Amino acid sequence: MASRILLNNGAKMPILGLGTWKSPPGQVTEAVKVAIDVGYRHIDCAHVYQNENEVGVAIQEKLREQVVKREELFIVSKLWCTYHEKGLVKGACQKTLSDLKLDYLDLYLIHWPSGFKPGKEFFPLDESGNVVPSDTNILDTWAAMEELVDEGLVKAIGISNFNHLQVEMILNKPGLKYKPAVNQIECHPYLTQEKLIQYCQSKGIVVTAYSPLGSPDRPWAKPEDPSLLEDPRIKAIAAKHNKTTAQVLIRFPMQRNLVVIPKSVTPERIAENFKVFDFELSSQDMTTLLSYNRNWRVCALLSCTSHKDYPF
């Protein structure tokens, strides 16, 4: 399989990247070093993950060692919800750059459509537990993102967790200067996203699938929840191909023309997860995996559901 996908900014993006949410700060430097050593060239980051400094140590060491050139890496981060304000976006991007110890990002995303009240807290709450919004809107935040391209801080801009109507709002923005390059959304066999993916792809927006393994380490996991990695139907497809279930789960979005960003801090799994370019799922396998959709979401959050721009 070709390793990169062409974006609508003219740059190429590796279809496989390393996720870093929940990667402990004392483990993520080694995780990223191992990832780069075994072939990863795309790292998915975010300020809210609280580990960008440690990710950056790894990137910098591998650049210093000349394992890779900067041009060969594709580093992604995301603007957190408490920084949607005009006067805060550049500094948020710059903090991420300094933590990652980069002078540009390959891709910078609006992490969620919703803006929250600025301050120290990532989820500012009222006394009844509702998130405190910002009266910022997605269009003005987008204009701020466009500024970052024009200042040389980022090569591409995009969105994350935007629903169909919100993507459309951006595409219809008066005076739109740069289209979003990417919409990064949850996607796996239990949340197959056919409608949003077709919409975005039809508009030339590349979709990145997050939580492709079903985020078994998500902090809110409950006993009852479905488990992709343990689903005997998916294990059977893996066995047929002499691959792991995780490998099937990673190859699946690749064959849908998606980018995919599985997270691991386990060196053996980091390497396993990369060994997905030498086998093919059949069309029948693909349709079978699609058939498992149950509209089940890892990522949703009750405290934010009354925000005007909550996407789900």
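The first residue of the sequence shown is number 1, and the count goes up from there.
Averaged over Cα atoms, the B-factor as recorded in the entry is higher for 123 to 131 than for the other of 123 to 131 and 107 to 115.
Set 208 to 216 against 231 to 239 and average the Cα temperature factors; 231 to 239 ends up higher.
The maximum CA B-factor among the listed residues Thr245, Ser264, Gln66, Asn257, taken from the PDB record, is found at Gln66. When the C-alpha B factors of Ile197, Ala156, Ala144, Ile170 are read from the deposited coordinates, the top value falls at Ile170. Ranked by Cα temperature factor within the chain, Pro24 sits in the middle third according to the deposited record. For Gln201, the recorded CA B-factor ranks within the highest third of the chain. Only modelled residues enter the ranking.
Ranked by Cα temperature factor within the chain, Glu186 sits in the lowest third according to the deposited record. In this PDB entry, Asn137 carries a Cα temperature factor that places it within the highest third of its chain's modelled residues. Per the PDB record, residue ranking by Cα B-factor puts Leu18 in the lowest third of the chain.
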